[PDB]
Amino acid sequence: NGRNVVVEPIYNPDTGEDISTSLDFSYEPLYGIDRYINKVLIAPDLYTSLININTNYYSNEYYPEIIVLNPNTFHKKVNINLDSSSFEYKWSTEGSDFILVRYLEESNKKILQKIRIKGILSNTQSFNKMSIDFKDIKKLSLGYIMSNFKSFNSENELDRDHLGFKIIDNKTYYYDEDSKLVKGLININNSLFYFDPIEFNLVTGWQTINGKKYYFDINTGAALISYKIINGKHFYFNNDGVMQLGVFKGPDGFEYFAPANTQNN
Amino acid sequence: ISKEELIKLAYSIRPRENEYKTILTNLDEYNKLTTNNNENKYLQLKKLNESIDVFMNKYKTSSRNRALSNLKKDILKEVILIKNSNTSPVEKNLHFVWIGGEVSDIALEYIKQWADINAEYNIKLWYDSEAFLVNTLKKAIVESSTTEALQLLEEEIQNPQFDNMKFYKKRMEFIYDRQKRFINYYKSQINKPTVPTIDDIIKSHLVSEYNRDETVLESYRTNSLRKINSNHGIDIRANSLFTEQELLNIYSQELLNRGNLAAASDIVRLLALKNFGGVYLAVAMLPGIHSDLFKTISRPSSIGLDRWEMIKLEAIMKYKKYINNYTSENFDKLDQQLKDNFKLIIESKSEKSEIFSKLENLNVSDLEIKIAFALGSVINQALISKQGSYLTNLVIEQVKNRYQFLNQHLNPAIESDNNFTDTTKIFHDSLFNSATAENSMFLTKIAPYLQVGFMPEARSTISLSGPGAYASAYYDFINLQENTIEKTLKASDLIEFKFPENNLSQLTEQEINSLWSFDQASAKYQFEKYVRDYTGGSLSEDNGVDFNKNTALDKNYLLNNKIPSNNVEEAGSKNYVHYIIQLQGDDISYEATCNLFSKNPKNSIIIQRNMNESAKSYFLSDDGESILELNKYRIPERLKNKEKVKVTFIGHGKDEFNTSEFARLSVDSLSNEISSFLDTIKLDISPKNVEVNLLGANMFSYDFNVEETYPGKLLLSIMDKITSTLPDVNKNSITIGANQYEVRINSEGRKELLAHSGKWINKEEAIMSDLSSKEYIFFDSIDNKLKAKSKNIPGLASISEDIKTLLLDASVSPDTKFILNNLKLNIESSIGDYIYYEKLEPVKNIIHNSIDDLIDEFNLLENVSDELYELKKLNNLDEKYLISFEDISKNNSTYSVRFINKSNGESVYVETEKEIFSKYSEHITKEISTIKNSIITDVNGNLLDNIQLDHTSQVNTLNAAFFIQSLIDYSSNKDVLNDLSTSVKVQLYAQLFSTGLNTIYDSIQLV
């Protein structure tokens, strides 16, 4: 389905037993595998009037946006309970859904937690059903949030659905199958490519990944493999693309590829 | 409908509760109380719904709430089933309202046409005998207040940068003072033992406070009475319409306190339809036209549907006229064979016998009323009701509730005798301190109630007694509630309550003339007319240096003085090019083009069409500080990949409401200009969506009728050119748009405006009104008329926040504080209207489409479950029967489906002519064959799965697994009777393991 997490209430085995009316989400089980997950789709049920979203788990690196589906419960008001303060939120609107953004700066690390409530502006029944609880204030409304909180333009988000190389700016991306925007060191057809893991764009030139040295072509972006001439010097890589220090054979003959701080430095 | 099937369908571990027993007893009373009378049955169903609501509110985690919600949905079907029972025609009457003045000759011709076509229908015209001079009194008050305010503002008239809203505020203050004096004089003549009349009090006030003549006003009262009494007039005071003192007070405060004749006419409509059952039509309505007599004429694609309908009416009433001044300017367009075809096809028939339809059968229920439609919303034009109609009582109860709320929150400000500003501040402080979460939009709408009809952008009757009250009462009737204030209505329920189109036929020249509202452009042109009438020497502000000034592009001034001083920025995407075009040789458009180039110094080009030979494209290079004089209006290679184009024409427009010219061009001339410009674009850009702007003075955006406006016909011609010539741009990827002023931020941070004098003026309320009133009009994809785009809601919120900060500022005059408060109320009402009217589109991507696909699959699953349940009810098959889906062998007409018992396995056959259980069986066979080839082999009951690492082979198996798993696992509605879960489980087991269920026929192995 596109590597999307579907949070769902547990189906009750006993029919006569009382049905639970709460949903909880936390970023804790996404630790380590958040670099593969596209989005999170919380899907409430008929018996759901309370949603807790624990947004304080700060040890992750990538935070997927949360899309809250529109419920059709018999309850008068359904409750969203975020454990965060009333400030550091900017609201928006992309068509007919409500966008909430948590942007906070800490430890010289940027955290952008985005929450979207899908299909909530279509009619006043869905508009007046939601009531959002924070850490410092509680029992709000979407009209209160629109009147009080600061608004930002979310229409600048150019990264829509694509399928191949997009040169949408001076930068360039990949946009793989199911439009996931891959962000690491990946191979696509037969050659290794590198996309910078904090801005998602393709980077060229010299690169270092966990100490090892790779080289990526300026014209294309693929990892160089054979004995290649770079700026009048000579370098040798293996099939994996990493340079090797030692004695290896080129077309002109064997050569010596020394480490740094040597007789020639 | 389940008298005894509700039990053993909703089981809980706890025993039966008192509210559940009340629900069961009330349901049994409903089922055992069956009669042809519908009102008692409706009240019984409403009591049942209220009992279910209070039980589900009391007990939250009960296991019966799912079955009770399904019962609630069955109740919402049953109310439509109850209303569609008494198919009886309405009693034959027509009602028309004209209060306070002479009946116009055009409306007289319309009602005589209605009487001539419908001879068997007894028409009526309602009027007030004591109210005949209120229109003249209101006109005199408006003219006196205009003179009083304009004598005070005469020293500021001479400023060309004058703002109109302060003059309108002063005129509204004087109007409120005169109305307070008149109502004090009217309430001063109640304590006398003798009784006066309303027209006598109005005449006395007119001859005391004006130079009015008693004999002239007596003559005007007398001649107006005989015209109405000859033209089927019946008095509203002679009949027993006015019964309740609350409704008398409502009519008195909406006639004498406020000169609001349409609001008085609304309660007149409801009281007339409550007393005498009849069919109401407005005085600007025409009878319907048969579609068969005009279907031989093909409609052109360059003419909208409303334009085609009104030129059809103009073609009918052009030759056989029946109207003294029926304008046919839109009919007089160039179509010679269409005009000749219309002439022969209306001269080949008889006179008023087949051209216009008849009202010979209007079959409605006692509870039902029908109402006209206008752009997806109801409108109080055509009504059909019997005598004593229940939903008509609901509408008048909603009007009573809204007026009671308004009077309760207004009467402190009425009794507090102050001036207009303090009175409306007391009113606003009383309203906003009682604003809950359910009527915030309602209070924001009815907040500028005292200035309705006098100040621009003041619409309160729509929420008080008009289409908002009608839609609220429709919701209240359908969903079985009491006194809903403001909630939405489904389009399906609205078209189920829809008036017939061939009986309504709304489109009328008088209807189009009345469709315009008192907006910003109307207020500006009325102010200009007032100044031009009061002062003999009018001021010509359009002359300037406008002509004979072929100013070249100052490259040094553009590069060194404007782009480094660009203090503004945008937060939108940059995959577009800005084709900035200058159409006039003046410093105003030169500075406007320079400022737009400051807005976009990267992608924009400059084309000056004030001269012809020295016309090219100016833009920055790949490096900064370099401007190219490239000819042929071309673009660099960096701009050859953008998917959007944003053309912009900057010029002037003459002072005319709905101006037909821009920059001394016309619609067709500018369409040919854009076509000739597009002949050079086609070799560079193959875009996905286009966008046309229009900047310049006296260029506004209108929201009621987008046709007959300047962007409408231009939009139609340009969309024809786009869908003919430019590839990969769809019909719905079109956008027209008009803007009046120019926005610039200086080094301080303030927003600056450019006027005709060439200097920069901080007209903050004008620039905020322009930014909040700019719209975009596009062509909708359902093959309909032109629609308006949704505005930038965060942009409106930013404008409202800036208004809030400027109102919290200290050095701001109270008049501008009042104007900005009104603008904030208008912006909040606009956002509430976008929420309320369902004008916000859903988003479309890969993530959002799958959610809607599962929603549609669940709805289809519920429909199949309900139809299977009623089939099992009809054919008297018990719970032990399992339907087969692989055997949908059919006859020529009916569909035959077989059943398998779970105890002895016989194969009976039943016949039912339904398209469902054939395509659904095909779907559940295809989604089982999708996973059938995902299994390589079966070894001793263990299935060896085959995994596919291709992405497109993983979506199909996952979708099939979801589709099978949902309808094999989910407990559907009324699933204790029919077991569709095991009915598809047996089919899945048979197809996965053995030979299929269509082949297995032996009873023992079937069991």
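(A) Summary view of the overall build of chain B. For chain B, the count of helices and strands is 34 helices and 25 strands. Seen through its principal axes, chain B has C-alpha atoms that stretch 105 × 90 × 70 Å. When the 1007 residues of chain B are sorted by exposure, 51% land in the buried category. Relative to all contacts within chain B whose residues are 6 or more apart in sequence, the contacts with residues 24 or more apart total 72%. For chain B, the accessible surface area stands at approximately 47,200 Å², while carbon and sulfur atoms represent 50% of it. Distance from the positive charge centre (115 side chains) to the negative charge centre (141 side chains) of chain B: 1 Å.

(B) Local environment of the overall build of chain A. Looking only at helices and strands, one finds 2 helices and 19 strands in chain A. What you see for chain A is a C-alpha radius of gyration of 25 Å, clearly larger than the 18 Å of a compact globule of 265 residues, by over 25%. When the backbone C-alpha atoms are referred to their principal axes, chain A occupies close to 80 × 45 × 35 Å. The 265 residues of chain A split such that 48% are buried. By sequence separation, contacts in chain A at least 24 residues apart represent 55% of the contacts at least 6 residues apart. Within the structure as shown, chain A displays about 14,400 Å² of accessible surface, and the carbon and sulfur contribution to it stands at 50%. The positive charge centre, built from 27 side chains, and the negative charge centre, built from 32, are 4 Å apart in chain A.

(C) Structural view of the sheet that holds strand β6 (residues 78-82) of chain A. All names here are of chain A. Ordered by their spatial adjacency, 4 strands build an open sheet running β2-β4-β6-β10, and the pairing between neighbours is parallel. This sheet does not close on itself; its edge strands, each paired only once, are β2 (23-26) and β10 (130-133). Strand-to-strand twist in this sheet, taken as the mean axis angle between neighbours without regard to direction, amounts to 15°.

(D) The interface of chain B and chain A, seen in detail. At the junction of the two partners, chain B supplies 48 residues and chain A supplies 51 residues. Taken as a group, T61, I835 and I847 of chain B account for 14% of the area that chain B buries against chain A, more than any other trio of residues on that side. Between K118 of chain A and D852 of chain B there is a salt bridge whose closest N-O contact spans 3.9 Å. At the boundary of chain B and chain A, one finds 11 residue pairs in polar contact. When contributions to the side of chain B that touches chain A are tallied by element, the ones reaching two or more residues are α2 (39-58), α3 (65-83), α28 (793-808), α29 (814-836), α30 (846-874) and α32 (952-969) of chain B. Of all the elements, α28 of chain B adds the most residues to the side of chain B that touches chain A, at 6 residues. Here the side of chain B that touches chain A is built from residues that sort into 19 nonpolar, 17 polar and 12 charged.

(E) Representation of the pattern of salt bridges. For the structure on display, the rule yields 52 salt bridges over all chains. A salt bridge links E65 of chain A to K114 of chain A; its shortest N-O distance comes to 4.0 Å. Of the two residues, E65 of chain A sits in the loop between β4 (50-54) and β5 (66-68) while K114 of chain A sits in strand β9 (residues 109-118), which places them 49 residues apart along the sequence. Note on accessibility: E65 of chain A and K114 of chain A belong to one class, buried. Across the salt bridge formed by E218 of chain B and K203 of chain B, the nearest N and O atoms sit 3.1 Å from each other. Placement of the pair is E218 of chain B in helix α9 (residues 214-230) and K203 of chain B in helix α8 (residues 198-209), with a sequence separation of 15 residues.

(F) Local environment of the pairing of strand β11 (residues 617-620) of chain B. Residue and element names in this part refer to chain B. Neither face of β11 is left uncovered, since the one carrying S617 and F619 and the one carrying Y618 and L620 both have all their residues buried. The sheet contact formed by β11 and strand β12 (residues 627-630) spans 4 bridges and is antiparallel. Across the sheet, residue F619 finds its bridge partner in β12, namely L628.

(G) The arrangement of the packing of aromatic side chains in detail. Tallied over the entire structure, the rule returns 45 aromatic pairs over all chains. Here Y579 of chain B and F677 of chain B contribute two aromatic rings whose centre-to-centre distance is 5.0 Å and whose plane-to-plane angle is 90°, an arrangement assigned as edge-to-face. With a gap of 98 residues between them, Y579 of chain B in strand β9 (residues 576-582) and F677 of chain B in helix α25 (residues 667-681) connect regions that are remote in the sequence. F677 of chain B shares its class with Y579 of chain B; the two are buried. For the pair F657 of chain B and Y702 of chain B, a centre-to-centre distance of 5.6 Å together with 75° between the ring planes defines the contact as edge-to-face. With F657 of chain B in the loop between β13 (644-651) and α25 and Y702 of chain B in the loop between β14 (689-696) and α26 (710-724), this residue pair connects regions lying 45 residues apart in the sequence. Look at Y702 of chain B and you get buried, because its relative accessible area is 11%. Three or more aromatic residues link up through ring pairs in this structure, and these residues are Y42, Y390, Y474, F477 and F497 of chain B. The ring of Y62 of chain A carries the charged tip of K183 of chain A above its face, separated from the ring centre by 5.8 Å. Stacked on the ring of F497 of chain B, the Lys or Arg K83 of chain B has its end atom at 4.9 Å from the ring centre.

(H) Highlighting unusual backbone geometry. Residue and element names in this part refer to chain B. The backbone of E457 sits at a positive phi, close to 60°, despite the residue not being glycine. With respect to the secondary-structure elements, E457 resides in the loop between α16 (440-445) and α17 (461-464). The class of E457 is buried, set by a relative accessible area of 15%. If you check the backbone angles, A663 has positive phi at about 55° while not being a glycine. Positionally, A663 belongs in the loop between β13 and α25.

(I) Layout of helix α27 (residues 764-773) of chain B. Across the 10 residues of α27 of chain B, 8 count as buried, placing the element largely inside the fold. When α27 of chain B is considered as a whole, its buried residues turn out to be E764, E765, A766, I767, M768, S769, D770 and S772 of chain B.

(J) Region of the structure containing helix α7 (residues 164-187) of chain B. The terminal C-alpha atoms of α7 of chain B lie 34 Å apart, and with 24 residues this matches the ideal 34 Å at 1.5 Å per residue to within 8%. The N-cap of α7 of chain B, judged by a side-chain oxygen 3.4 Å from the amide nitrogen of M165 of chain B a few residues on, is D163 of chain B.

(K) Region of the structure containing the pairing of strand β18 (residues 246-250) of chain A. All names here are of chain A. Two strands pair when backbone bridges link them, and β18 and strand β19 (residues 253-257) are joined in this way by 5 bridges, in the antiparallel orientation. Each bridged residue has a counterpart across the sheet, and for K249 the counterpart in β19 is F254. The hairpin formed by β18 and β19 contains 2 residues between the paired strands.

(L) Examining the UniProt feature "domain: GT44" in chain B more closely. Those places that UniProt annotates as "domain: GT44" correspond, in this numbering, to residues 92-464 of chain B. A helix fraction of 52% and a strand fraction of 9% characterise residues 92-464 of chain B, whose end C-alpha atoms lie 29 Å from each other.

(M) Spotlight on the packing of α27 of chain B against α29 of chain B. All names here are of chain B. Interaxial distance between α27 and α29 falls to 10 Å at its minimum, and their mutual angle equals 10°. Of the possible angle classes, the one that applies to α27 and α29 is roughly parallel. For the pair α27 and α29, contact is made by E764, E765, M768, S769 and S772 and by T816, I819, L820, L823 and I827, respectively. In terms of residue class, the contact of α27 with α29 is made up of 5 nonpolar, 3 polar and 2 charged.

(N) Seen up close, the nonpolar core. The biggest cluster of nonpolar side chains holds 143 residues, and the ones touching the most others in it are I52, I202, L206, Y251 and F477 of chain B. Ranked by residue count, the leading element in this core is helix α14 (residues 390-415) of chain B, at 10 residues. In this structure, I53, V78 and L100 of chain A together with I803 of chain B belong to the second largest nonpolar core, which totals 49 residues.

(O) Up close: the environment of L871 of chain B. Residues and elements named next belong to chain B. Its location among the elements puts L871 in helix α30. On the basis of relative accessible area, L871 is assigned to the buried category, the value being 4%. For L871 and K804, which are 67 residues apart along the polypeptide, the C-alpha to C-alpha distance reads 62 Å. Excluding residues that lie within four positions of it along the chain, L871 makes contacts with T912 and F917.

(P) Here's a closer look at the sheet that holds strand β8 (residues 97-106) of chain A. Taken together, the 7 strands give an open sheet; going across it, the order is β1-β3-β5-β9-β8-β7-β11 (chain A), and neighbouring strands pair in mixed fashion. Of all strands in the sheet, those with a lone pairing partner are β1 (4-7) and β11 (150-151) of chain A, marking the two edges. Bridge count for β1 of chain A against strand β3 (residues 39-42) of chain A is 4 bridges, and the pairing is parallel. If you follow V5 of chain A over to β3 of chain A, its bridge partner there is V40 of chain A. Its contacts with the sheet put α30 of chain B on β1, β3, β5, β8 and β9 of chain A, and the angle it makes with β9 of chain A is roughly 30°.

Calculation rules
- Residues numbered from 1 in each chain as written, not as in the entry; some residues may be left out.
- Chains lettered and ligands numbered in written order.
- Part of a larger assembly, values for the part shown.
- Heavy atoms only, no water.
- Helix = DSSP H or I, 4+ residues; strand = E, 2+ residues; numbered from the N terminus.
- Buried < 20%, exposed > 50% of the residue type's maximum accessible area, 1.4 Å probe, protein only.
- Contact = heavy atoms within 4.5 Å.
- Areas by Shrake-Rupley, 256 points an atom, 1.4 Å probe, with all protein chains shown as cover.
- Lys, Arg positive; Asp, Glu negative; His and termini not counted.
- Charge placed at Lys NZ, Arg CZ, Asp CG, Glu CD.
- Rg over C-alpha atoms; globule rule 2.2 N^0.38 Å.
- Pairing = 2+ DSSP bridges.
- Axes fitted to C-alpha atoms, helices over the stretch in contact; angles between N-to-C directions.
- Buried area = accessible area lost by both parts, 1.4 Å probe.
- Salt bridge = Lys/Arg side-chain N within 4 Å of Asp/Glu carboxyl O.
- Polar contact = N/O pair within 3.5 Å; in protein donor to acceptor, adjacent residues only side chain to side chain.
- Nonpolar A, V, L, I, M, F, W, Y, C, P; charged D, E, K, R; others polar.
- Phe/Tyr/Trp six-rings, centres within 6.5 Å; stacked < 30°, edge-to-face > 60°.
- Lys NZ or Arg CZ within 6 Å of the ring centre and 35° of its normal.
- Expected span 1.5 Å × (residues − 1).
- UniProt positions renumbered as here; feature names shortened; annotations may be inferred.
- Parallel < 35°, antiparallel > 145°, perpendicular 65-115°, else oblique.
- Core = buried A, V, L, I, M, F, W, Y, C linked by side-chain atoms within 4.5 Å.

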